[PDB]
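Data first, discussion second: the structure below is written as structure tokens.
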Amino acid sequence: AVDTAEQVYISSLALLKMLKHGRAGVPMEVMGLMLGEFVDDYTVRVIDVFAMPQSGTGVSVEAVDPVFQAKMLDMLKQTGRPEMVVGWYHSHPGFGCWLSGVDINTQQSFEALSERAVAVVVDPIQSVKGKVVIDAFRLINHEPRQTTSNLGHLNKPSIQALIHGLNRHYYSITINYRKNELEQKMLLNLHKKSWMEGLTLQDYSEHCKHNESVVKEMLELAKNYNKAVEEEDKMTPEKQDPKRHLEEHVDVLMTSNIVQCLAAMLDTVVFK
Amino acid sequence: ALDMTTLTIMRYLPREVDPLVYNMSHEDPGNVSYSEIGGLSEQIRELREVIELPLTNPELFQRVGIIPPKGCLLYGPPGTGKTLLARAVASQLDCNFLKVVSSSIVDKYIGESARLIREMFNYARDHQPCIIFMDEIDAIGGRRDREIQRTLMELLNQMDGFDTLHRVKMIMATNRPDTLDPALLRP
Amino acid sequence: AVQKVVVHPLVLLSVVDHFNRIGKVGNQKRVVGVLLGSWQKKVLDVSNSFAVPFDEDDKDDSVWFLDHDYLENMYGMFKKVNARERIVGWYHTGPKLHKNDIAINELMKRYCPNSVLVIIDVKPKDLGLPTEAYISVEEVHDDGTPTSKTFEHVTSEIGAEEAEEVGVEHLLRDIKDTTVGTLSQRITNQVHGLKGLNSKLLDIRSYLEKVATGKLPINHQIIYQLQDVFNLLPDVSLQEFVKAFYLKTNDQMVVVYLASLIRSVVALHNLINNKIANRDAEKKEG
Amino acid sequence: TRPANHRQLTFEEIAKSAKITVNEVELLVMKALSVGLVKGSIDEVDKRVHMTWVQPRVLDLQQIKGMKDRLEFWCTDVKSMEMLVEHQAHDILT
Amino acid sequence: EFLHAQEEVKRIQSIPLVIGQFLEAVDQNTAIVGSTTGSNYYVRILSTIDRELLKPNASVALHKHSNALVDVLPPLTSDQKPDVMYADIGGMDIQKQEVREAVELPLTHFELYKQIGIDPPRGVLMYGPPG
Amino acid sequence: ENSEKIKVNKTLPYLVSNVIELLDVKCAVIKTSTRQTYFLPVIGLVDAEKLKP
Amino acid sequence: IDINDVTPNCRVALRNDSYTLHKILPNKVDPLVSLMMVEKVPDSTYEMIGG
Ligand SMILES: Nc1ncnc2c1ncn2[C@@H]1O[C@H](COP(=O)(O)OP(=O)(O)OP(=O)(O)O)[C@@H](O)[C@H]1O
Ligand SMILES: [Mg+2]
Ligand SMILES: [Zn+2]
Numbered sequence: 024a025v026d027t028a029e030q031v032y033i034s035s036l037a038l039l040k041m042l043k044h045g046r047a048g049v050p051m052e053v054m055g056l057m058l059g060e061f062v063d064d065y066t067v068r069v070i071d072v073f074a075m076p077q078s079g080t081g082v083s084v085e086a087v088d089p090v091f092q093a094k095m096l097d098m099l100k101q102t103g104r105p106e107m108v109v110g111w112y113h114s115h116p117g118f119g120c121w122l123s124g125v126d127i128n129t130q131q132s133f134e135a136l137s138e139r140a141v142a143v144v145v146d147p148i149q150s151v152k153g154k155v156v157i158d159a160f161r162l163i164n172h173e174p175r176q177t178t179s180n181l182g183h184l185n186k187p188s189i190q191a192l193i194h195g196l197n198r199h200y201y202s203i204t205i206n207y208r209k210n211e212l213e214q215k216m217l218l219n220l221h222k223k224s225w226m227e228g229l230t231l232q233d234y235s236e237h238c239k240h241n242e243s244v245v246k247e248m249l250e251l252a253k254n255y256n257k258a259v260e261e262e263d264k265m266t267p268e277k278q279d280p281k282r283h284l285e286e287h288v289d290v291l292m293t294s295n296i297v298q299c300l301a302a303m304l305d306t307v308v309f310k
Numbered sequence: 099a100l101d102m103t104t105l106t107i108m109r110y111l112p113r114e115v116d117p118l119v120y121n122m123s124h125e126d127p128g129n130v131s132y133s134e135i136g137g138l139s140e141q142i143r144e145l146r147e148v149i150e151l152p153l154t155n156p157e158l159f160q161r162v163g164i165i166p167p168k169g170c171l172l173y174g175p176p177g178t179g180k181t182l183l184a185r186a187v188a189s190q191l192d193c194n195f196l197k198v199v200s201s202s203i204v205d206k207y208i209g210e211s212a213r214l215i216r217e218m219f220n221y222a223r224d225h226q227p228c229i230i231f232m233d234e235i236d237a238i239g240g241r242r250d251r252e253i254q255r256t257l258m259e260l261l262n263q264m265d266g267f268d269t270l271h272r273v274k275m276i277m278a279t280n281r282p283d284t285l286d287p288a289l290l291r292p
Numbered sequence: 005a006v007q008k009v010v011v012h013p014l015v016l017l018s019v020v021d022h023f024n025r026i027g028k029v030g031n032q033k034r035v036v037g038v039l040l041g042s043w044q045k046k047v048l049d050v051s052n053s054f055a056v057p058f059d060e061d062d063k064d065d066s067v068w069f070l071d072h073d074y075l076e077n078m079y080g081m082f083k084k085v086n087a088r089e090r091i092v093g094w095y096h097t098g099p100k101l102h103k104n105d106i107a108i109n110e111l112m113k114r115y116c117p118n119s120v121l122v123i124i125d126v127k128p129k130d131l132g133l134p135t136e137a138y139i140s141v142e143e144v145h146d147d148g149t150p151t152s153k154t155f156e157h158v159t160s161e162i163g164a165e166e167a168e169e170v171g172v173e174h175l176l177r178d179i180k181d182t183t184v185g186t187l188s189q190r191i192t193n194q195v196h197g198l199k200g201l202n203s204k205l206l207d208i209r210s211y212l213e214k215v216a217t218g219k220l221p222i223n224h225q226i227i228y229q230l231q232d233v234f235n236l237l238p239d240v241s242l243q244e245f246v247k248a249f250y251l252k253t254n255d256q257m258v259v260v261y262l263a264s265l266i267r268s269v270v271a272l273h274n275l276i277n278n279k280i281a282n283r284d285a286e287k288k289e290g
Numbered sequence: 283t284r285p286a287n288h289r290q291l292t293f294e295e296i297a298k299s300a301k302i303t304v305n306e307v308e309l310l311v312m313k314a315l316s317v318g319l320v321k322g323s324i325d326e327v328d329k330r331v332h333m334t335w336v337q338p339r340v341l342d343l344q345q346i347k348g349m350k351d352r353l354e355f356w357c358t359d360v361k362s363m364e365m366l367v368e369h370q371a372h373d374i375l376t
Numbered sequence: 071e072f073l074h075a076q077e078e079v080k081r082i083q084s085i086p087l088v089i090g091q092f093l094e095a096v097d098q099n100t101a102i103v104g105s106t107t108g109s110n111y112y113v114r115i116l117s118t119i120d121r122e123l124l125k126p127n128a129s130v131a132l133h134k135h136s137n138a139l140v141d142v143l144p145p154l155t156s157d158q159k160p161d162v163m164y165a166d167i168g169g170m171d172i173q174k175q176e177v178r179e180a181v182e183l184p185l186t187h188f189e190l191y192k193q194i195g196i197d198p199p200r201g202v203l204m205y206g207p208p209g
Numbered sequence: 075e076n077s078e079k080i081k082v083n084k085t086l087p088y089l090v091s092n093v094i095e096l097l098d099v120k121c122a123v124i125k126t127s128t129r130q131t132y133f134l135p136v137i138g139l140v141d142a143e144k145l146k147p
Numbered sequence: 103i104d105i106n107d108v109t110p111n112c113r114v115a116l117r118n119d120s121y122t123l124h125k126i127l128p129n130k131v132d133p134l135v136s137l138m139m140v141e142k143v144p145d146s147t148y149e150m151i152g153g
């Protein structure tokens, strides 16, 4: 029947594969496929993603080598992944997530292939500093889709794909990440602090330099804090400078000194 | 060198050659010897004392304390052999020689000539013992169109940057020395 | 030898996916796959890995499938997509090695002269470092003990390329604890450090129990390195060290004095202004 | 013999252990440092020596049991401190 | 959650950043800035930046994509600097003192000679044989 | 197969540009007709001996 | 939409994409082209002229 607000769950492995391949491809656009299950009409699951060789034709249907795709699928079936392929992702470095004119036609072919295949656009150079610019698109054939729920407008579109047709020729589908408790705190081991890192005593000369600088900054802040309190007269009732800056300085200084003293003490008494 | 994704620094390269400067160094000056040039024994002796001896034999200069002359300019009637003399000096000294017609250094791009001459002197400092030769210097050394004066200022500044240790020397050749700005003529 | 191996998020997520994939239907003590990486200096950086058809007998510990042609052409295609990554090492998920594993490593040595094996215990979600790394060694042991085809530990750690770093951070965001964590996270980190130190010391206890009781062979090595560790303890309460410790602690105390006093002053300044403002409102209301 | 708890060697005990006069203990310790097998330091005005070790050596099973005991005392102290800090800082720790 | 938010605020201003030149502000949370790419932009200022640092010719680091101004950096024409000292001088001590009072004190302490109110020195004359 | 894979990957345009000095750690520097400098970790499909500044 | 406020040369900001004129901003004076020779409103006052 006619589709709806829908959803697309992509796995952690899939997302990292996509981001890594995109950051490998920049500045040349690169593309590949995701494996997944059409679990139902209201959401599509993709798990695992495999990139495919970058031909000189650029991101297009011709860039999809049938031999490479077929034998990759066969070997993944042997290795334990019988997941049948819906979805193709491509990279748009330097510009937002939207389907270009080429992308419209590639997704038209992909839709003709299965029916509900989903396009994915990743910008590997804008997806940085903790923000990931990922988005997923489907083409329309009056009424664009059925809005039978409120989980279609929990997100907001963007002007870039708006002119490029985020509702005009294609529509964006809300993206969700199906992480589980096992992948959780498996990834976390990457920033996980080690016990020796916990008992590490920093550096005493560097700590003294830090206290030296921060107390001097405290003095220079208090100098104008005095002026601020001496202009308490309430001419033209007006968060810059003295008060909250002094607050953050005292907070960081006090916590650093307390933690250094505590680590030093614990090391003194426990280590012999 | 910078990545084109996060712009971080990797593989910091030594320095650029500015391939023009590559051409003005690895250009054949001929097999001319001091024998092939005749009639200028006084001038040949002076030039070899000013440009060859400070280069090949510096210890005399540093111990004695003499600041070696930075460069010497050649003037005279056309066809007297100034360019030939420079060619002989280039050919006989086993060194790194730089020769470029002044007219060619001027470029139609904004401030390209100043960067050109800056990179030439940087290459000369990089590739000591280096020798740079100027022919028809009056193309840019003339009396005070705008870019000519702007690049002449860069010439004065850069060759004022010659530190005493450097084994680099200057030869300018011209046919009308009067047109030269007195700025260079100063000690 | 090889001094360090750094392991990226992508390989560990891939092996977790492989373990869930196989254990979903064909639950088995381990799964075996191949890593891809590059060499800097004498450190190794591993970011790629694929599952290979593998099978182990239950107890014969000599019977095993690892697919030659599958490994070869899968590597060829992974080179086609990205040619930098060449075959280094092989991974498995079994929390324990097997007598059968050294044959696996010898086969892998056909594709890499110094192939390194990595145990990734996916099921454990514990104190730390879910990756263990091992190289193959064959040497006379220099002490009269019989030589043997042996696995040797090489230190390992997790490091991420920037794209994998943003990818992992975005998924961790909801459960992510803040990096700064002024007091709470630091005190919890110190307590966790004491926990880890106690756990490691108890492991060393159990090893010494097994060695003294004889059920475990004396390595001679490490145990004398452990004796060096035991002689390395600093022995605090030596007098000049006590003087220096008191001096530095007093410096920390005067600094924290200044911070606390300023905090009290600013607290009073907020209090007085709040009283003035509410009293002004009350006086205006009448 | 000791886990540094008495590692400030007095001259007399090293002399009688080496059955040599007090005047040769300096040469003994200097030879030991020069070979690179001890990194102690010598005092002569008190005749005591500041001893630090860097060279490990063989262990007998007797030494194994002794080590297990002296390490047991240490890990007992670590566990003591762990539960002490966990108790006193419960509200902040959580 | 506030720790998370300020961590993200610190993150948005991290490398890489494109330098540009600060133009005069419009409002407390925005200003005009001309990127070193040449183009100018109307750009929100990060609220964490101390406004007093925004002198109308300051160099400010901006977000590479959004051009958002996120940082303020902390700030001769030729061989004019001659690299010669009074030690190199051939002992013109009287001339040394004369010029030193004539110019060196004015170039060093002209504000005192301003509190005198005299329009501190403007011209001195050098005269003698050519070299 | 390798040659055809290279052939599909040598399609116009080629963005003509000038060469600059080479480095060893054999590798090239390019000044674009768009007036920008790039460094290549590898020179490419042509050999280092033929090319020159 | 208050176009009648839009006099020529008001230094008015656009949007980064689709332009879609955004808002007026303050004007552009900084008359350094004239200030190279213009003296603006000068300082001299009849009081320090004597005689
Ligand atoms: N003294 C000389 N001995 C031998 N050949 C000479 C002598 N003077 C000039 N010539 C010859 O005359 C020609 C002059 O060429 P050259 O460019 O060197 O002249 P120039 O006087 O230095 O001119 P310019 O400064 O314009 O280049 C050359 O072919 C050179 O061989
Ligand atoms: Mg000439
Ligand atoms: Zn596209």
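Protein chains in written order, with the entry's author numbering: chain c, 24 to 164, 172 to 268, 277 to 310; chain E, 99 to 242, 250 to 292; chain Z, 5 to 290; chain a, 283 to 376; chain D, 71 to 145, 154 to 209; chain F, 75 to 99, 120 to 147; chain C, 103 to 153. Backbone N, C-alpha and C define an ideal beta-carbon position, used for all residues, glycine too.
Label residue i either buried or exposed according to how many other C-beta atoms from any shown protein chain fall within 10 Å of its C-beta, with 16 as the threshold for buried.
i         : result
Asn295(c) : buried
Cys112(C) : exposed
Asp236(E) : buried
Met232(E) : buried
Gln263(E) : buried
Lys274(E) : buried
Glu364(a) : buried
Just to confirm, is the Cβ distance from residue i to residue j under 9 Å?
i         : j         : result
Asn137(D) : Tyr111(D) : yes
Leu196(E) : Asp116(E) : no
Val245(c) : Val259(Z) : yes
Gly171(Z) : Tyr95(Z)  : no
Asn210(c) : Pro174(c) : no
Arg90(Z)  : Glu354(a) : no
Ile119(D) : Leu139(D) : yes
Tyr211(Z) : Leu341(a) : no
With DSSP as the reference, label residue i as helix, strand or coil.
i         : result
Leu139(D) : strand
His240(c) : helix
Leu139(F) : coil
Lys257(c) : helix
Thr283(a) : coil
What first and last residue would you give for the beta strand (DSSP E) that runs through residue i?
i         : result
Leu162(c) : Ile157 to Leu162
Name the two residues that bound the continuous alpha helix (DSSP H) containing residue i.
i         : result
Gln263(E) : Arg251 to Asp265
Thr306(c) : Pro280 to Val308
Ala5(Z)   : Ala5(Z) -> no alpha helix (DSSP H), and no H or E assigned at all.
Residue ranges of each beta strand (DSSP E) within the stretch 209-286 of chain Z, 3 or longer | none
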